[PDB]
Structure formats: C-alpha cells, structure tokens
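Peer 1: Here the sequence shown is numbered in my numbering, starting from 578 and rising by one per residue.
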Amino acid sequence: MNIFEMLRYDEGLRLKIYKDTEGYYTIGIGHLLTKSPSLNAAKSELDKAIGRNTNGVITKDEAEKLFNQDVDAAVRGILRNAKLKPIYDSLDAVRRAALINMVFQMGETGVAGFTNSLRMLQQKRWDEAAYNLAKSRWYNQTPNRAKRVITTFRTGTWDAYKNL
Ligand SMILES: CC1(C)CC(N)CC(C)(C)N1[O-]
Ligand SMILES: CC1(C)CC(N)CC(C)(C)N1[O-]
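#1: So, are the CB atoms of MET583 and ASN658 less than 8 Å apart?
#2: Is the beta carbon of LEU741 within less than 7 Å of some heavy atom of ligand 1?
#3: Indicate the three-state DSSP secondary structure (helix, strand or coil) for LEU661 in the structure shown.
#4: Do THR598 and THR719 have their beta-carbon atoms positioned less than 8 Å apart in this structure?
#5: May I have a chain-ordered list of the alpha helix (DSSP H) segments no shorter than 4 residues that lie completely inside the stretch 627 to 676?
#6: What is the rounded straight-line gap between the Cα of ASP669 and the Cα of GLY733?
#7: Terminal residues of the continuous beta strand (DSSP E) containing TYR595?
#8: Alpha carbon to alpha carbon, what distance is there between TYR665 and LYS620?
Quick look at the structure:
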C-alpha cells in the first residue's frame, strides 16, 4: 500500500466528466475541475489541464498524469502551510498518507481548519484524534471514506484498505 493506491481506491477512475460527492464536475481519479455548475466551464478547465481540445473524455494515461500532479500538489499544500507542515513532519509514512488523502479531498485550507485534530495528531493521541476527526462535516458527508482515513490515523496501519 501507498498514497497512490489509497487514493485510487477512495476516488475511483472515470474517463468522462462526472460529478463528485459534492456535485462538482470532476474527471479521472478525483480531479476536481470546477465548482461552477456550467458543464462548458468544466470542459474548458479539462482542456486547459490536459493541454488539448477534449470531448470531455480522457485516456487512462492522461488520468494518471493528472493524478500524479494532484498528489504532488497535495504534498506541496501541506508543506507550505504553517499548521499542516509540523503535523506532517511529526507523522510516520502511513499516517502521512492519511493527511495527504484529506488534503486531496478537501484542500489545504480546509484541512488546516482542523486545528484541534491537528494538535492531537501531533501529540500522537491517536484515539482522541480519531474521535475529534469524526466530529466534522467531512465524517458526516463521506463517512465510509472518513472512517478509512481515520482508522489509518488511529492505527498507523493499512488495515482499513487491506480487503479492498
Ligand atoms: C489500484 C487499486 C485497485 C485501488 C485500491 N483502492 C487499492 C489498491 C490495493 C492499490 N489497488 O490495487
Ligand atoms: C477518549 C476516546 C478514546 C476518544 C474516542 N474517540 C471517543 C471516546 C469513546 C470518548 N474515547 O474513548
């Protein structure tokens, strides 16, 4: 297991523009295109992201290229953020993947808003952190994914992904 595998499971793979769990146009492995309700705007974002005029459909290789860029962008967002970087630095590699997963789903600003959870993670109070992370819109809106990510923080293992 690694972060690419983890997010590939959590996000799936779709080669045509679709709507994500919040209703936003997305493609590939969870690549958010826009929050605009305009499909034309989303298609323009896709063309710009891929570098060619698309019909709203990309190849698997193109989806994986965007995905690697997006994982990198999630790590960059963590490392440039004064609240996320010290937490990330304090974590083992499995729990680092859990934090990257959250930032991939919600963005740097959103995850940096988990102030009290971040402090508990840095303190390595894993069960207390797990409870606090569940008191969130995130957990209520995507509970199965949040449970997998929280189990990863709680245990430092890939147990929540093993049978998947
Ligand atoms: C690519 C795929 C099918 C995604 C799953 N979410 C996890 C792993 C184990 C990596 N595999 O193989
Ligand atoms: C303190 C701790 C370990 C955190 C859990 N998330 C919830 C309760 C049941 C309150 N427990 O046991």
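Beta carbons are placed, not taken as given, at the ideal position from N, Cα and C, and that holds for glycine.
Peer 2: Judging by the given coordinates:
#1: no
#2: yes
#3: helix
#4: yes
#5: 637 to 656, 661 to 667
#6: 8 Å
#7: 591 to 596
#8: 34 Å
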